[PDB]
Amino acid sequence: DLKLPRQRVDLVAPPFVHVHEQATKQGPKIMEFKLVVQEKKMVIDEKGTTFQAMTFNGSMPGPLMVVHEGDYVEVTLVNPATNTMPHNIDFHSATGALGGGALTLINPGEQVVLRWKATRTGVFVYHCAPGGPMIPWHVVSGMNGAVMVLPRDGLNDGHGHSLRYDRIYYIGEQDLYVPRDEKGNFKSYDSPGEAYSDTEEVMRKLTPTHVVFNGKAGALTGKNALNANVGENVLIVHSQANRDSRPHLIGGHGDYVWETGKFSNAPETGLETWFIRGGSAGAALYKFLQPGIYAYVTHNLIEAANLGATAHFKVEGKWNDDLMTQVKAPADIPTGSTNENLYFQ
């Protein structure tokens, strides 16, 4: 009885995002997405540590789904018989039935079709939540992603002016809990079930061993740095399904930030660092003003540098010496300098 146009969306792997319109004059549609659960061993750091992961569509995070206010979202969730455990899905964007989790529990070899109406604008987490202690374990094993519900008029600045991005990236941050042996080395396991009891012990102490973007330390550095150009307005969606984060663009700012992630609320302007509460997604716009490398981090710098949570942007364009310049390059401290007379000596 729901008589609306259907449109199939093909998702893509983060940090990229499937094609979509920002503002639209299309009416509501049934937007059709498919997510396939994949349990698999994955590499999670630069020394090659492996991890028994559980994923939607084979990536951590799961892919970003993008729809508009008033759309209906029809998700086919597939759990292939190569998997070992039951899984489900819960959308923070949806209303009722534990976000859908109470309607989507599937054993290996099954699939299920859920439809939810996109009544709330913003970016939101989705994640597996099979029940009881399985809920944190499936989420911290990788089973989480995000959905963005745009207003039909696109974003605005909360003061009646339109905002448009030239580029969008989805940064999913994952806290991981990898057991260590007596000597302090990370342990390997042959299946998720085998990893569980030792992993739950690490989870109970609430301190991750790794905090990574796009599934692995170094995932978005080197060859896979994020590209941009001076002058582009870039939207950075950040999610964390289980633990707080404090995003910061080193060398930049958040020009417009919805740190609680919901477009019915005006964004804050000109932030240095913002805050993603565990269990949520947020979003920040920035217009690049300078070329060069930028690091995007969580600004617990121990997590950023030592546990895996740094991404890079490589920005092409012309340097602006008015905004910043090296007035004098490193040189020897002048013989005639008198720093021994300073107040703090």
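One rule holds for the numbers: they count along the sequence shown, beginning at 1.
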> If you average the CA temperature factors over each stretch, which comes out higher, 34 to 42 or 277 to 285?
Replying inline: 34 to 42
>> Mean CA temperature factor from the deposited coordinates, higher in 218 to 226 or in 135 to 143?
In response: 218 to 226
> From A311, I302, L64, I293, pick the one with the largest CA B-factor in the entry?
Replying inline: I293
>> Using only the C-alpha B-factors in the record, can you name which of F186, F91, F213, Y177 has the highest?
In response: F186
>> Sorting by Cα B-factor within the chain, modelled residues only, which third would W258 end up in: lowest, middle or highest?
In response: lowest
> Of the three thirds of its chain by CA temperature factor, lowest, middle or highest, which one includes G158?
Replying inline: highest
> What third of its chain's C-alpha B-factors does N57 belong to: lowest, middle or highest?
Replying inline: middle
>> How does the C-alpha B factor of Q111 compare with the rest of the chain: lowest, middle or highest third?
In response: middle
> Lowest, middle or highest third: where is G252 by C-alpha B factor in its chain?
Replying inline: lowest
